[PDB]
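Q: curious how this folds, go ahead:
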Amino acid sequence: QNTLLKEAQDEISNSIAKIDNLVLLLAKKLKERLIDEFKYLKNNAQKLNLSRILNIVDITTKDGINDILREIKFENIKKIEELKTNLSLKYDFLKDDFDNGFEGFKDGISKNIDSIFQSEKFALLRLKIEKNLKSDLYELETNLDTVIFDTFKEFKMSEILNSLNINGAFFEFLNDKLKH
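A: Numbering: from 1, shown residues only. The protein structure is shown below:
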């Protein structure tokens with residue numbers, strides 16, 4: 001029991017000691033929209049292509065969510081390795097897996113919500129742009145608007161990542177309390 005208490009203290013000491021992807025996805029979506037506009041210019045322009053333009057927003061949101069899910073999986077793998085390191089408490093290690101999964105689900109829901117708001121704002125901006133012009137000037141306007149949208153997406157990534165880090169720290173504290 002004394003050795004287990006010492007190991008728990010060491011784990012607590014270790015715990016005390018120890019945006020760009022969304023922007024890239026937004027840039028890729030803007031490039032896809034520009035390619036669609038160029039294709040429309042080669043042919044003559046349709047409303048169906050404009051309607052399809054808004055689906056690229058959902059695709060970009062899905063890509064960002066994929067990155068977030070990969071990060072959550074990496075965090076879970078790190079937690080499993082930490083549990084494996086030294087044999088201090090097995091039941092406590094088993095318990096926190098459900099809490100980690102719940103935290104990941106909450107992070108995914110927050111990504112869905114905020115990214116969906118961002119995608120809706122981007123769609124509204126695209127509709128306003130359509131409400132027309134010299135093709136190169138239209139492409140430049142789309143670059144400006146989607147650059148603002150990409151900055152908003154990067155800010156969302158930063159703030160949500162800070163929130164996710166805080167949630168992970170809280171989960172680690174709960175696991176330490178359970179071990180105690």
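
Q: now the strands for this structure?
A: With strands called from DSSP state E, the chain shows none.

Q: of all residues in it, which one is nearest the centre?
A: residue 68 (4.2 Å; Cα atoms, centre = their mean).

Q: who touches that one in this structure?
A: Residues near residue 68 by Cβ atoms under 8 Å, 6 or more residues apart in numbering: 107, 108, 111, 164. (C-beta placed from N, C-alpha, C; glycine too.)

Q: could I get the CA-only coordinates of stretch 25-41 as CSV?
A: Extracted in CSV, the C-alpha atoms of stretch 25-41 (Å, rounded to 0.1, in the frame of the first residue of the first chain):
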residue,chain,number,x,y,z
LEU,A,25,-9.3,22.6,-45.2
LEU,A,26,-10.9,26.0,-45.8
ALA,A,27,-8.2,26.9,-48.3
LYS,A,28,-8.8,23.5,-50.1
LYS,A,29,-12.6,24.3,-50.2
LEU,A,30,-11.9,27.7,-51.6
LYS,A,31,-9.7,26.2,-54.3
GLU,A,32,-12.4,23.7,-55.2
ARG,A,33,-15.0,26.5,-55.5
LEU,A,34,-12.6,28.4,-57.8
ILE,A,35,-12.2,25.3,-59.9
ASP,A,36,-16.0,24.9,-60.1
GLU,A,37,-16.3,28.6,-61.2
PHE,A,38,-13.6,28.1,-63.9
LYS,A,39,-15.5,25.0,-65.2
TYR,A,40,-18.7,27.0,-65.2
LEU,A,41,-16.9,29.7,-67.2
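
Q: ok, now which ones touch the residue nearest to residue 152 when sequence neighbours are not counted?
A: Closest residue to residue 152 apart from its sequence neighbours, by Cβ to Cβ, 6 or more residues apart in numbering: residue 118 at 5.8 Å. Applying Cβ under 8 Å, 6+ apart to residue 118 gives the contacts 61, 149, 152, 153, 156.

Q: for the lengthiest helix in the chain, packing partners?
A: The longest helix of the chain (DSSP state H) is helix 135-179. Counting contacts by 3 or more Cβ pairs under 8 Å, 6 or more residues apart in numbering; DSSP states H and E, helix 135-179 packs against helix 2-17, helix 20-42, helix 55-85, helix 90-130.

Q: good, wrapping up.
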